[PDB]
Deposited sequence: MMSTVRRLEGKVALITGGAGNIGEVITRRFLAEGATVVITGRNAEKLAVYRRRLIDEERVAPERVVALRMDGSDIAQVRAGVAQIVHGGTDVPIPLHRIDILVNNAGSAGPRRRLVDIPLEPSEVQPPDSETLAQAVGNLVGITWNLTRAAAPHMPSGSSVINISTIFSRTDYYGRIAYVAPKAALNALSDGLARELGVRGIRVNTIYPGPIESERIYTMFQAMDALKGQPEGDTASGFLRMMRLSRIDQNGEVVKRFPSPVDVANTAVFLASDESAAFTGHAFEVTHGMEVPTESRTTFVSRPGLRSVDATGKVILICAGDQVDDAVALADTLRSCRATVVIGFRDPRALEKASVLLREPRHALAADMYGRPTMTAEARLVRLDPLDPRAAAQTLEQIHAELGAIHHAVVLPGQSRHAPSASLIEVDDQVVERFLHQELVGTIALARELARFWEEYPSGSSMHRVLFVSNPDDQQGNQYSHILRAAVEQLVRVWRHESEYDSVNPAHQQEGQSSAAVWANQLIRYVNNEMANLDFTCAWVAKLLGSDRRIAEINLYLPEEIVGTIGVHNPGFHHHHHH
C-alpha cells in the first residue's frame, strides 16, 4: 500500500537489518533491488522471499555490486534503469535509495589500526582505506550514480549510527567514517533539495542483531573488560524503557523492524516535508549533534612560554599558514618542526624561512606523508633522536564545489588524502607516543581546518565531522589506556572557515600558541572562530 509502485534500491539488502528493510518494503508494495558483495547470500535471500513469503519474482531483483567501486555502481545503476543481464525488466527510475550497506571496519585501538593490507590481522578483513570506502565512499558513490534517475519527490535514506557521536573504544576506523557520512548527507540534502529529492539519515542505536553482539563482544575484549560491559553502558543511557519478550518494562535494544519502519516512513510520501533530518532509533539516548564552543576573546601571548616543548606542525601543502604558525610558536620559545606531505611545499618553505631578543632556533623542516607509514614512523624516530621528544602536534588538512557534479577522481582524492590521510596521521602519532614514553604530561593535538573556501565549505564540513569523532574516541582510548596498561592525548579541532576576515590567520595562530603553551585545556572538541573578531 504505502510504497505501491515505487522502485527501491537497498544496498546491503541481505544483511541483518537490510533483510528486514527489504521485507517491509515488499510488504508495502515496492519493487526492491537488493545489492551486496556476496552474490550467493543475495540469491538465497531472494529465494526465501519468493518460496516462503509468497513474493512475486518480478518484485525482487538480486544484484551483486561492491558499492565502494564507482565503476561497478554505475554499471549496476545502468542495469536497473535500462535492463540487463541481472535485471530482466527495465525499471526506468529509482524512487527510493536506501544507503544501508556498511562494513564494520577493522576493530582495533587507534594505535593498532591497519593501514596496509599486510597489517590486517585475522578477526579483521579491511584496511583503514577499505573501511572508508565501505562506509562513506559507498553512500557517496550510490547517491551520485543514482541521482540522475530519481525524479522529484524521491527519497534518499542514509543509514549511519548513533555511535558516530558517542564514545566507541576500538572503532575509530568505523565511527570516524560514519561521522563523515553524517556531514556528507547534510551537504547532499542541500544540493539535491533543488531537484525535489529529499535526503535523510537514520541513526540506529544498538539493534538486536548478530552484528551488534559480535561487535560488542570484540569491544569488550579490546578494552579488557567483562562480557556485557559495553552493552550495559548504552542500556543505561536510554531514556525509554520498553516491553521486552516477557512483557517487562525494561532497558532493551530496539529491533531491526524499528529501523525498517522508520525507513518505510521516509520512503513513503508521508515524509514528503522532511529533508536533512536525523532519525535516532535509540530509545532516547541523549547524544549531542556536536561538541563545540566559540572563541569570545583573543588570547594574550605575553604570558605564554613554551620553552623546551617540541611541537610538530603537520602540513600538506600550506606553506604560508604553516610558516605563520611556526613563527608564532617560535616567538613563544617552542622548538618547532614542520612536516610537509608535498615536497614542493617543503622547498618553498625553505626559501621563505631563509628570509625582543630570542634564543630560539628556526624550525626544522621534514618530509612527513602519513600515506607512507613506514617513512612517517622513521621520520618521527629521527626527530625523537635529535630533539628528545615530540610533546604536541598541530595537524592541518592534507590539501589546501558540488558534491554530485564532480569528477570521480576528485572524490577519491578527497577520501584518500583527507579522511584516510588524517586518521593515518593520528594513528602514526598515537603509536609513536606509546612506543616512546616521555612521562605523564599529556600530549596535545590541535587539528586546524582550512580557511573559508568562499563556496559553503562543503568538503571541509565532512573533514570536520570525521575529525571530531576521531578526537572524541582518541581522547577516551588514550585516557583509558593511560590508567589501564603512557601519557594521555588531549585533542581539539579549530574551525577557521566560519570567519572570512583578514585577522583570521593571526587570531588562529594566537589561540594555537595559547592552547599548546599554557595549562588551559578546553572540554569542547570543536573550537570555532567568531564571525566577527573585533
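- Residues 1-5, 361-371, 417-421, 507-514, 564-579 of the deposited sequence have no C-alpha coordinates in the model.
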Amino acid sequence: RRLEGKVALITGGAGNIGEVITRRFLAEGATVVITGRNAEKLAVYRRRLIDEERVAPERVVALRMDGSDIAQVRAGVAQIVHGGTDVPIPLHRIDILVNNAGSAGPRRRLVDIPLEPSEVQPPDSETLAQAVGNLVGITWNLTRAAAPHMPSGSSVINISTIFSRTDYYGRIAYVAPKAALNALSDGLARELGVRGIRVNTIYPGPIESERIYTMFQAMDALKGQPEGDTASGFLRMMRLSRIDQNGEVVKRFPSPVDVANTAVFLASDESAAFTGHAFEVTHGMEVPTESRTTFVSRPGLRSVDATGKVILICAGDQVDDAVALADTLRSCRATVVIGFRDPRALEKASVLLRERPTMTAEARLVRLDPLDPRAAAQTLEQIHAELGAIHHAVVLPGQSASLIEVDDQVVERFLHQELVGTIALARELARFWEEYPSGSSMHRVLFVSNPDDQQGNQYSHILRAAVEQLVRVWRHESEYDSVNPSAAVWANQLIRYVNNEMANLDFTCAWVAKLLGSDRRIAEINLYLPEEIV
From here on, numbers count along this sequence of modelled residues.
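- Per-stretch averaging of Cα B factors for 119-127 and 273-281 places 119-127 on top.
- The mean Cα B-factor in the deposited entry runs higher for 340-348 than for the other of 422-430 and 340-348.
- The PDB entry assigns the greatest CA B-factor among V489, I495, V483, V471 to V483.
- Which of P451, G205, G170, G83 has the largest Cα B-factor in the deposited entry comes down to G83.
- In the deposited entry, the Cα temperature factor of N526 sits in the bottom third of values across the chain's modelled residues.
- Among the modelled residues of its chain, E362 has a C-alpha B-factor that falls in the middle third according to the deposited record.
- Split the chain's modelled residues into thirds by C-alpha temperature factor. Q245 is in the highest one.
- The PDB entry assigns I404 a C-alpha temperature factor belonging to the highest third of its chain's modelled residues.
- Among the modelled residues of its chain, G102 has a C-alpha B-factor that falls in the middle third, as given in the PDB entry.
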